[PDB]
Amino acid sequence: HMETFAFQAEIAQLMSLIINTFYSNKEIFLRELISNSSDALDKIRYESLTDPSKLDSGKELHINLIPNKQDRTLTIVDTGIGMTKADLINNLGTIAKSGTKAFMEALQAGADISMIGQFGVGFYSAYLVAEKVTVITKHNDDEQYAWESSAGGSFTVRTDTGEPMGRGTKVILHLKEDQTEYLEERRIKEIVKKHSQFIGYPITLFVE
Ligand SMILES: Nc1ncc(Cl)c(C(=O)N[C@@H]2c3ccccc3-c3c(-c4nc5cnccc5[nH]4)cccc32)n1
């Protein structure tokens, strides 16, 4: 039941830029994914102020960071708003295109790759460290889906039959072979303290 989609040219070019450009400050991917999780948590929390039933799918608002050395993955889990199928295929494609255009204009002018989140496409900083990204997500208005891409111009979307999430998003980073430092407890703790110390939700760094 896996559907395959083509990225539009602008976001495909940004993915190639992120993968190919020499840029040593890769650690900022984690700040960007935590910021996305914080934004998604703010969104469901604000909606719950008008409709408390929005939290029937889970009252806890949190972010978990889960390293797995055997699988070579780093997972960022949140209980935020999640994404519907229409967000995954259509709405976020619209954001990816306009944000990429603005970011590329800013880069040619002299901006740095670390400013990617100002353009609403900080998610794509995952490709600084991951060869493949898998997004498992559950929004209140839709079913659980898995979006995935290893770049190369395409992504896939399928209904996910994995462990039911309640609500939120898991960003699974299948790390590149030379980026295993992001599985180490001391490294993750250092990065969260440097860039994400004031996020308004509990961030639990899991260990093995
Ligand atoms: N924790 C959490 N909770 C909610 C969201 Cl909304 C996100 C997030 O960062 N979503 C990402 C995002 C951002 C910007 C542009 C595209 C995308 C995107 C996409 C996406 N990029 C696309 C590019 N072209 C077509 C369809 C696309 N769909 C897919 C999955 C996840 C994200 N993260």
# chains A, B, ... in the order shown; residues from 1 in each chain; ligands from 1

$ select_by_dssp --residues "stretch 82-201 of chain A" --states "strand (DSSP E)" --output "PyMOL selection string"
chain A and resi 130-138+145-149+154-159+168-175

$ residues_around --residues "residue A:105" --least-positions-apart "4" --cutoff "12 Å" --atoms "only C-alpha atoms" --output "NGL selection string"
:A and (10 or 14 or 98-101 or 109-112 or 116 or 119)

$ write_last_selection --atoms "C-alpha atoms" --output "PDB file, in the first residue's frame"
ATOM      1  CA  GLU A  10      13.080  23.443  -5.770  1.00  0.00           C
ATOM      2  CA  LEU A  14      17.609  21.962  -1.596  1.00  0.00           C
ATOM      3  CA  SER A  98       8.136  28.580  -0.856  1.00  0.00           C
ATOM      4  CA  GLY A  99      10.528  28.061   2.040  1.00  0.00           C
ATOM      5  CA  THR A 100      13.165  26.545  -0.252  1.00  0.00           C
ATOM      6  CA  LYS A 101      12.867  29.492  -2.684  1.00  0.00           C
ATOM      7  CA  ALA A 109      23.181  36.479  -0.726  1.00  0.00           C
ATOM      8  CA  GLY A 110      25.455  35.144   2.062  1.00  0.00           C
ATOM      9  CA  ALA A 111      23.196  33.416   4.681  1.00  0.00           C
ATOM     10  CA  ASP A 112      24.400  30.230   6.361  1.00  0.00           C
ATOM     11  CA  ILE A 116      17.369  27.075   7.519  1.00  0.00           C
ATOM     12  CA  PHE A 119      12.536  29.633   6.244  1.00  0.00           C
TER      13      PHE A 119
END

$ closest_residue --among "A:197, A:169, A:25, A:149" --to "ligand 1" --atoms "only C-alpha atoms and all ligand atoms"
A:169

$ residues_near_ligand --ligand "ligand 1" --cutoff "7 Å" --atoms "only C-alpha atoms and all ligand atoms" --output "count of residues only"
28

$ residues_around --residues "residue A:5" --least-positions-apart "2" --cutoff "9 Å" --atoms "only C-alpha atoms" --output "mmCIF file with C-alpha atoms, in the first residue's frame"
data_model
loop_
_atom_site.group_PDB
_atom_site.id
_atom_site.type_symbol
_atom_site.label_atom_id
_atom_site.label_comp_id
_atom_site.auth_asym_id
_atom_site.auth_seq_id
_atom_site.Cartn_x
_atom_site.Cartn_y
_atom_site.Cartn_z
ATOM 1 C CA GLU A 3 2.479 5.331 -2.882
ATOM 2 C CA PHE A 7 9.567 16.056 -5.211
ATOM 3 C CA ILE A 89 1.522 15.099 0.363
ATOM 4 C CA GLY A 153 13.842 12.845 -6.080
ATOM 5 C CA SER A 154 11.076 10.825 -4.503
ATOM 6 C CA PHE A 155 9.285 10.121 -1.253
ATOM 7 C CA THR A 156 6.705 7.544 -0.220
ATOM 8 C CA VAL A 157 3.554 7.624 1.875
#

$ decode --residues "stretch 84-115 of chain A" --atoms "N, CA and C atoms" --output "compact mmCIF listing (two decimals), in the first residue's frame"
# COMPACT_ATOMS: atom_id res chain seq x y z
N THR A 84 -1.72 15.17 8.80
CA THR A 84 -2.68 14.35 8.07
C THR A 84 -2.01 13.90 6.75
N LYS A 85 -2.69 13.00 5.99
CA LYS A 85 -2.18 12.60 4.68
C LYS A 85 -2.07 13.84 3.75
N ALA A 86 -3.08 14.73 3.79
CA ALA A 86 -3.06 15.95 2.98
C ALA A 86 -1.90 16.88 3.37
N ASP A 87 -1.54 16.93 4.67
CA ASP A 87 -0.38 17.70 5.06
C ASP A 87 0.85 17.07 4.44
N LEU A 88 0.99 15.74 4.55
CA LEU A 88 2.20 15.06 4.10
C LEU A 88 2.42 15.19 2.59
N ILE A 89 1.35 15.09 1.80
CA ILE A 89 1.52 15.10 0.36
C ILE A 89 1.39 16.48 -0.23
N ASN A 90 0.38 17.24 0.22
CA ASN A 90 0.05 18.52 -0.40
C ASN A 90 0.48 19.75 0.36
N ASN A 91 -0.05 19.94 1.58
CA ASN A 91 0.16 21.21 2.28
C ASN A 91 1.62 21.49 2.57
N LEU A 92 2.34 20.45 3.04
CA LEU A 92 3.75 20.63 3.34
C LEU A 92 4.60 20.73 2.08
N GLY A 93 4.09 20.25 0.95
CA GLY A 93 4.79 20.44 -0.32
C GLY A 93 4.77 21.91 -0.71
N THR A 94 3.64 22.58 -0.43
CA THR A 94 3.50 24.02 -0.69
C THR A 94 4.49 24.80 0.16
N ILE A 95 4.59 24.47 1.45
CA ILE A 95 5.52 25.12 2.37
C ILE A 95 6.96 24.83 1.95
N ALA A 96 7.25 23.58 1.56
CA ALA A 96 8.60 23.24 1.18
C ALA A 96 9.05 24.07 -0.02
N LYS A 97 8.15 24.28 -0.98
CA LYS A 97 8.51 25.04 -2.19
C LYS A 97 8.79 26.52 -1.88
N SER A 98 7.89 27.16 -1.15
CA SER A 98 8.14 28.58 -0.86
C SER A 98 9.30 28.80 0.12
N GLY A 99 9.42 27.94 1.12
CA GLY A 99 10.53 28.06 2.04
C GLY A 99 11.87 27.80 1.38
N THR A 100 11.92 26.81 0.46
CA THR A 100 13.17 26.54 -0.25
C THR A 100 13.55 27.76 -1.11
N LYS A 101 12.58 28.33 -1.83
CA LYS A 101 12.87 29.49 -2.68
C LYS A 101 13.44 30.64 -1.85
N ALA A 102 12.85 30.91 -0.68
CA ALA A 102 13.32 32.00 0.17
C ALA A 102 14.69 31.70 0.75
N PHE A 103 14.92 30.45 1.17
CA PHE A 103 16.20 30.06 1.74
C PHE A 103 17.33 30.14 0.69
N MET A 104 17.07 29.65 -0.53
CA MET A 104 18.08 29.67 -1.60
C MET A 104 18.46 31.09 -1.94
N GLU A 105 17.47 32.01 -1.98
CA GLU A 105 17.70 33.44 -2.22
C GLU A 105 18.61 33.97 -1.09
N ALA A 106 18.29 33.62 0.17
CA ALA A 106 19.11 34.06 1.31
C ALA A 106 20.54 33.49 1.30
N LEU A 107 20.73 32.22 0.85
CA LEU A 107 22.05 31.55 0.78
C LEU A 107 22.99 32.18 -0.26
N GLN A 108 22.48 32.46 -1.47
CA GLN A 108 23.26 33.08 -2.56
C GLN A 108 23.73 34.47 -2.13
N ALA A 109 22.92 35.16 -1.29
CA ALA A 109 23.18 36.48 -0.73
C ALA A 109 24.24 36.46 0.39
N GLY A 110 24.46 35.30 1.01
CA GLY A 110 25.46 35.14 2.06
C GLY A 110 25.01 34.46 3.34
N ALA A 111 23.69 34.10 3.47
CA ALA A 111 23.20 33.42 4.68
C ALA A 111 23.86 32.07 4.80
N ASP A 112 23.77 31.48 5.98
CA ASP A 112 24.40 30.23 6.36
C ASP A 112 23.34 29.10 6.40
N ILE A 113 23.75 27.83 6.20
CA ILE A 113 22.85 26.67 6.29
C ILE A 113 22.17 26.61 7.67
N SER A 114 22.84 27.09 8.73
CA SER A 114 22.26 27.04 10.07
C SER A 114 21.01 27.90 10.22
N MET A 115 20.75 28.82 9.27
CA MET A 115 19.55 29.68 9.32
C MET A 115 18.33 29.04 8.65
